[PDB]
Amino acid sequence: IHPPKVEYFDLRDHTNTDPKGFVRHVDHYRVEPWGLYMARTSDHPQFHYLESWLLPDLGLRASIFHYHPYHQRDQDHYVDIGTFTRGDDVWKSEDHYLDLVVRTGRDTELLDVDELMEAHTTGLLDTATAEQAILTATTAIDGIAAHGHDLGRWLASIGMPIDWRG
């Protein structure tokens, strides 16, 4: 459909440029050897606050959406699959269509496989990248499932503990 969404995360001026080039100010960035945490406001009609962890070595970006009242979605964690790249001052995300919805202690659901398929057939990403997207997803699905369908527990078990403001 659309080519892969790309965002940048500038630690120097505390901004996040979104996939449409829109610049958002960030409340807070925190770097660990294994990832980048971002906490910022959102002007989205469904949610008013966003936290994310970019996990370069796993090809994952986990997010929590702080939904408006009466708008809570039935997920504990949302995970985009792609390439997430460290920079000493600017980090980068490229979204490869797939995403996971995790309900802690219950299940994980892989979404948007159809989009990956159509991006691949129309040449918006190559076969290596599409294959890698599927493998990044399955690695995560496997680790999550092996740890009580708990994303945080899987991550902590491999020394990439993530934490949230909630």
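When you see a residue number, it is the position in the sequence shown, counting from 1.
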query	finding
Stretch with the greater mean C-alpha B-factor as recorded in the entry, comparing 95 to 103 against 124 to 132	124 to 132
Cα B factor band for residue 63 (lowest, middle or highest third within the chain)	lowest
Residue 74 - which third its CA temperature factor falls in, relative to the rest of the chain	highest
Third of chain Cα B-factors occupied by residue 48	lowest
Record-listed C-alpha B factor of residue 148: chain third	middle
Residue 13 CA temperature factor, ranked by third within the chain	highest
